[PDB]
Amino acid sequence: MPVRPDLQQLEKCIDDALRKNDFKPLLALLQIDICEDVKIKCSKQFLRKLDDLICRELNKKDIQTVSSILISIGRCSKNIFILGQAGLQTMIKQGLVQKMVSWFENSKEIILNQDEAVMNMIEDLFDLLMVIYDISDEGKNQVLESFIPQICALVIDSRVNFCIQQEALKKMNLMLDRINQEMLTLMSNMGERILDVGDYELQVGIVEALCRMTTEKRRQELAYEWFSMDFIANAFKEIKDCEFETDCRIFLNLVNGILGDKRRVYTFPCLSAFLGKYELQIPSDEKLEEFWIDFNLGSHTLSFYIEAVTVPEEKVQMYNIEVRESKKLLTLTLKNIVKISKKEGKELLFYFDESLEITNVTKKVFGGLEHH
């Protein structure tokens, strides 16, 4: 009795979505496990139909349906053939990367005026971008050339939700990992942006992007163009590629420290942290001077490494701060159980030295959530 979905019918599913506004066939395919045996025949006009359907759904603001299309293309990408030739490479030769630039451009109105459906949609878009990047040198060259400037512009734009910037910035650093007046301007605005982005994870990714795109030698001059403050330009020039992760912590702690009451990231050393009753493990390099906790005034999160852990303000039911035995305890009651390093709990406890200003910093990220 049940109708069986047929992967070989992918293009007809796209036709049904286009012509009938019926997404049930496409959705049914998403429940099949792709087998490396199967060959999906697609036409020379498949890319045009994809472009038509995605632009229409973007114009309608049907966020989750754009996601379903992008996921279908990626999941099936390595099983599609067009007139006998590899389907992904044929679409690349038909201009797929420039269609994806267009889809990203046509997503900008959505990206601005915003829930996490948009977050998933952009993640799905970049996931498809990475499949194209990894499939050949040509797809990789076009992706780098077109999307590095787009992502930098997105990361610099203070109107964009931090989770979208974090997703894009991390995909960009992945693309740079394997491997112009406009870039020089963008990179200068990226440096400026570190100073007030107000999110430690974005600060690191931007620093990381700038260091992947510029030599340690070049940064000796670019530091003084990118950072007006001599103190900050000096610290930047000391970041060594070979100890990047720990030197980047040192630099950012200096930058956020020197900015004083203008800083948008407050970093405190922490004595010990707990999820429920379980003590979380402190990262121990031989180089990280302290167990650091980052209070992110731009993104309204608290974040730290243990694995990065991020606590957004919408996840906090309430918190309190108490002084006992010469320690300041920040207790966060979360709105749901979370899992960190195979442990679970609903409350996060952070113990701080009593001289630290936990109360006034915490109310900048979790405003209106303190219980006395």
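Residue positions are given as counts along the sequence shown, with the first one as 1.
- Unmodelled residues of the deposited sequence between residue 179 and residue 180: 4 to 9.
- According to the PDB entry, the deposited sequence contains 4 to 9 residues between residue 306 and residue 307 that lack coordinates.
- Of the two segments examined, 262 to 270 and 77 to 85, it is 77 to 85 that shows the higher average Cα temperature factor in the deposited entry.
- Taking only CA atoms, the mean B-factor in the PDB entry is higher for 229 to 237 than for the other of 229 to 237 and 163 to 171.
- Which of 335, 48, 39, 61 has the largest Cα B-factor in the deposited entry comes down to 39.
- In this entry, the residue among 34, 318, 26, 311 with the greatest C-alpha B factor is 34.
- Split the chain's modelled residues into thirds by C-alpha temperature factor. Residue 287 is in the highest one.
- For residue 98, the recorded CA B-factor ranks within the lowest third of the chain. Only modelled residues enter the ranking.
- Residue-level temperature factors show residue 207 in the middle third of its chain, judged at the C-alpha atom.
- In this PDB entry, the Cα temperature factor of residue 148 sits in the bottom third of its chain's modelled residues, the lowest group.
- Remark: residue 330 belongs to the lowest third of its chain, ranked by C-alpha B-factor as recorded.
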